[PDB]
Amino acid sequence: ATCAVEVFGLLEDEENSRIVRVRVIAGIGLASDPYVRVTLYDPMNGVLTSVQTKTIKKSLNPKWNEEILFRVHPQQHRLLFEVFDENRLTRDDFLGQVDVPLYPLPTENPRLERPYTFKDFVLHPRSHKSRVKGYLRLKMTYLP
């Protein structure tokens, strides 16, 4: 409200911490009201936090175009993206996951405008039962 942009994850800056800007741009050819839960974790200690995007109603190609900032230990922490279909009266159906490291990533240049670029990541099953299709379009960069 007085905060336009929150930083999640580590609650203070240390020598070994950076802020990563995660753009959750779109889902492409998903298997329908999708959102993405973005979980920040450490292999040794498990989940630090998670943030959920808005839900896009009735779409197999949702354009969330949403940014989330996390304060992280870039060489230690990882991100798990899980896409779900929000169901009002039952369990939300799983539409796939992507799991990525947080180093190396480009650092933003404060003097220049952030260019639009992206990478597509194939969505993966979470069990033999998952029926998953398509890609998650993302961009991750460090703040100066």
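The first residue of the sequence shown is number 1, and the count goes up from there.
Where coordinates are absent for parts of the deposited sequence, a chain break appears; between neighbours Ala31 and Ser32 it spans 4 to 9 residues.
Just going by the entry, 55-63 versus 76-84 on mean CA temperature factor gives the higher value to 55-63. Just going by the entry, 110-118 versus 97-105 on mean CA temperature factor gives the higher value to 110-118. Of the residues listed, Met140, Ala1, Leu143, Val7, the entry assigns the biggest Cα temperature factor to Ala1.
Set against one another, the Cα B-factors of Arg23, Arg18, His124, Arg131 in the record reach their highest point at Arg131.
In the PDB entry, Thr90 places in the highest third of its chain by CA B-factor.
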